[PDB]
Amino acid sequence: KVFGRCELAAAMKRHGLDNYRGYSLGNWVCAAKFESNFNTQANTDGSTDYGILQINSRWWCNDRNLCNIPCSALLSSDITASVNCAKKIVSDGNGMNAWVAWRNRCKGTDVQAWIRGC
Ligand SMILES: [Cl-]
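Residues numbered from 1 in each chain as written, not as in the entry; some residues may be left out. Heavy atoms only, no water. Residues with missing side-chain atoms left out of burial classes, pairs and counts.

The record lists X-ray crystallography as the method behind this PDB entry and 2.6800 Å as its resolution.

Under the PDB entry, the name given to the protein is Lysozyme, and the organism recorded is Gallus gallus. This deposition appears in the PDB under the title "Crystal Structure Analysis of Space-grown Lysozyme". Its UniProt record gives the protein the following Function comment, quoted word for word: "Lysozymes have primarily a bacteriolytic function; those in tissues and body fluids are associated with the monocyte-macrophage system and enhance the activity of immunoagents. Has bacteriolytic activity against M.luteus." Per UniProt, the protein carries the Catalytic activity text "Hydrolysis of (1->4)-beta-linkages between N-acetylmuramic acid and N-acetyl-D-glucosamine residues in a peptidoglycan and between N-acetyl-D-glucosamine residues in chitodextrins." (UniProt positions renumbered as here; feature names shortened; annotations may be inferred.)

What follows is the structure, encoded as structure tokens:
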């Protein structure tokens, strides 16, 4: 499943990411756009970032996994386990700066523009 922007915005609001750990919905939508282009199935060091948030296996999944899920569970058409693992990740202490693409592209911009027009 490759989502659309509004479709995705609605799913993320559904799983309760609008203002989660401080971050408004746009930050999340903005990150999915540049990490996966909204594709729900997507080395260099360890191996493999999985899914629409592109969660790295070295740490978060097993393919000691921190989120307590397999990495296959970051590939289905619904985004539910992804979002749960996202929820643990963003509360390590580094926030959304975990996601590189978020730090270089979304941080500081007008991120509400990603939830305007839906
Ligand atoms: Cl934070």
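Having seen the structure, we can now continue with the description.
(A) Main features of the packing of aromatic side chains. Following the criterion strictly, the structure yields four aromatic pairs and no others. With a centroid separation of 6.0 Å and an interplanar angle of 75°, the aromatic rings of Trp 28 and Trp 99 are classed as edge-to-face. Of the two residues, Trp 28 and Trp 99, both sit in the buried class. Here a set of aromatic residues connected by ring pairs shows up, and it is made of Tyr 23, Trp 28, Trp 99 and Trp 102. (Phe/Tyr/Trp six-rings, centres within 6.5 Å; stacked < 30°, edge-to-face > 60°. Buried < 20%, exposed > 50% of the residue type's maximum accessible area, 1.4 Å probe, protein only.)

(B) Highlighting the layout of surface pockets. If you add up the space inside the largest pocket, you get close to 260 Å³. Taken together, 13 residues line the largest pocket, and the ones lying closest to its centre are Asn 56, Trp 60, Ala 98, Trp 99 and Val 100. Grouping the amino acids of the lining of the largest pocket by side-chain chemistry returns six nonpolar, four polar and three charged. (1 Å grid on protein atoms, 1.4 Å probe; cavity = no way out; pocket = protein on both sides within 12 Å on 5 of 7 lines; lining within 4 Å. Points joined across faces, edges and corners; volume = space filled by probe spheres on them. Nonpolar A, V, L, I, M, F, W, Y, C, P; charged D, E, K, R; others polar.)

(C) The arrangement of the pattern of salt bridges in detail. For the structure shown, the criterion picks out one salt bridge. Among the ionic pairs, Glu 7 bridges to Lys 1, the shortest N-O distance being 2.8 Å. (Salt bridge = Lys/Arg side-chain N within 4 Å of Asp/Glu carboxyl O.)

(D) Focus on the environment of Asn 19. Checked against the element boundaries, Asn 19 lands in the loop between α1 (5–14) and α2 (25–36). In the structure, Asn 19 is positioned 11 residues away from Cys 30 in sequence and 14 Å away in space, judged by C-alpha atoms. Look past the residues within four positions of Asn 19 in its chain and what remains in contact with it is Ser 24 and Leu 25. (Helix = DSSP H or I, 4+ residues; strand = E, 2+ residues; numbered from the N terminus. Contact = heavy atoms within 4.5 Å.)

(E) Layout of the nonpolar core. Core analysis: the biggest nonpolar cluster contains 34 residues, and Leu 8, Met 12, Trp 28, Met 96 and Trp 99 have the highest contact counts within it. Mapped onto this core, the elements with two or more residues apiece are α1, α2, α3 (80–89) and α4 (100–106). For this core, the element with the most residues is α2, which contributes six residues. Each residue touching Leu 8, except ones within four places of it in the same chain, is listed here: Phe 3, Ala 32, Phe 38, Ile 52 and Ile 79. (Core = buried A, V, L, I, M, F, W, Y, C linked by side-chain atoms within 4.5 Å.)

(F) Looking closely at unusual backbone geometry. One non-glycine residue, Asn 19, lies in positive phi territory at about 45°. Positive phi is not limited to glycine here, since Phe 38 has a value of about 65°. With respect to the secondary-structure elements, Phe 38 resides in the loop between α2 and β1 (49–50). A relative accessible area of 6% places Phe 38 in the buried class.

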